[PDB]
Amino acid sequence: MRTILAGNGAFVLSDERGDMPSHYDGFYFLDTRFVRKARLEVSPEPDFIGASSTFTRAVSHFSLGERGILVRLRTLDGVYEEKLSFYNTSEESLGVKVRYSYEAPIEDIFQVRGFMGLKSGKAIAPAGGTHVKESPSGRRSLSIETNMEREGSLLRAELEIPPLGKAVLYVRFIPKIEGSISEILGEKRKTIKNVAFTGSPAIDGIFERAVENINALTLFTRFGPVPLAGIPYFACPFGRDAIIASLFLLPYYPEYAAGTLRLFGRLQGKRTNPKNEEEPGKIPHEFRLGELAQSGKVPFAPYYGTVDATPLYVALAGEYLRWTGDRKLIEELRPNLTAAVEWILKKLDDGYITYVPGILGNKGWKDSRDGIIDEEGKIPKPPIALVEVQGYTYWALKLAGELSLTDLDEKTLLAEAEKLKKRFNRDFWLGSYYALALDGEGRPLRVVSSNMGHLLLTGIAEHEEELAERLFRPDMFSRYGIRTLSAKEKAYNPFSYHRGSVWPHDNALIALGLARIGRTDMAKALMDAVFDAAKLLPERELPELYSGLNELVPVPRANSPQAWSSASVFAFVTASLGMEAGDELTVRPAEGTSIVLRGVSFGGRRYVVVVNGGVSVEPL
């Protein structure tokens, strides 16, 4: 299986023996792979027996005949390090001769993935054990400290171990990067601790893995700690991923919203520019820190190929203040915040907020090229106005006015919100369901989708209840969550990126909104379904997505860990209990929920919430 180490923006993927075979294995940091297919060869060449793994440390155990034992021990705290300790087990002297193989393409993460058909990077072969690759963004250096006689890019050693003696041989790939990029990093580094404790071992293993998932995907910035998106392909700050998951972790770890707001406060668009899809006020999609993005070789620093991350950014702030009370931050950000809502409203000059296919096929959360379809599975005429992002916008503006989060007109903002509310329902409602989107000349796309489940939490829907019961019909309810599309549609395939596959965060958003409308029982069935899913997956880890068949079957493209999905675990509990932030912290739970939460954060103080046939809310 994948065994992964990961922290502070660095990660490693490996075989269990800590090998870097299969394509997607290597040592990465700030979206630049530094090493890949490393290999250890020492003879007598060992015979593996067992392994154990955290996220900053993994060990595999090796038999070496009968007179020997190897213990491999790999670590990651900025530096990657391998330690090979050789144990002599019988009372005869033992000989070993080692030689370790590694290859150091200081290549950018797009070069990895076959993005743009991009080249792999060449092994750069070290100059006094120090490889450097230059780019105008900055110098990109890999340093190697080792106790092996090193011959270019292959390390060597031999020595004989006395009987019952042992021998240890290190290697450390020290990566260090300067330029446009450590203007971002904060030296803060401390790790969160789980706060959900339900007293069932199967379940608590979800939350605790949720929390070690979140730590391995945290990058510590100047502005605060911010969530990285995903570990195979998305190891950098996305905006939709980092905002959504902050909202999930808003009632427990607010510090993660306050970094995302502060970071994308400064990376807001200040100009119009068709290279990077920038616009004045817009909030980016992704912001890689590779040599490619910072020297303008690809427009992703920041790329602005999403239009949901902009109303999301402001809703989250409206929510953050609803939980924290940290009004200091919001007028540190209200210049940022008004420039956001004047991007919203003048993109409502047109009537809906819409996007046009660009580098990515769409610019919602279903950002793949076949994600948005019609009634018979063809991609509809652009510009596309997506149902979910018209809900984030009503939700955006109604709170920017209800809480005075901007400096523009007040009930002006709410006037245009009720404009759009009645303009939305009217234009999207198809008697049975809301429509996935309107196309470039206005006709609706009559396909039922989980995107409409995103509007229970916006309150733009006036037919709230019947959106619900349609979402739970057998065409939308798999045994483990709400499928991204329905199985009755022509273009349904359960193993697709955005056309039938289940997604823990997508379901969780729908669950948070079933809590706004007083359907805590249906939110609970939605938590159950994906926990029944997390009960049967490796390490009870929630990956990006998995199949929609009624038998649990993963999706190979699925990325694991992944931030919005390992954080959905907590959103699921905020809706499980119907938990709201108001003048006070209320809990009106669904029936048969049982949970203790030692650290709910509301108004800067922390409360003990207990639900065990009765509900109690008291400070820490």
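Numbering starts at 1 and follows the sequence shown.
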Higher avg CA temperature factor (145 to 153 vs 541 to 549, as deposited) belongs to 145 to 153
Mean C-alpha temperature factor, higher of 38 to 46 and 52 to 60:
38 to 46
Residue of maximum C-alpha B factor among 229, 508, 185, 216, per deposited coordinates
185
Highest Cα temperature factor in the entry, among the options 482, 456, 195, 164: which one is it?
164
Ranking the modelled residues of this chain by C-alpha B-factor as given in the entry, is residue 354 in the lowest, middle or highest third?
middle
Third of chain Cα B-factors occupied by residue 271:
highest
If you rank the chain by CA B-factor, which third does residue 129 end up in: lowest, middle or highest?
highest
Sorting the chain's modelled residues by C-alpha B-factor, tell me whether residue 241 ends up in the lowest, middle or highest third.
lowest
Using only modelled residues of the chain, where does the Cα B factor of residue 67 rank: lowest third, middle third or highest third?
highest
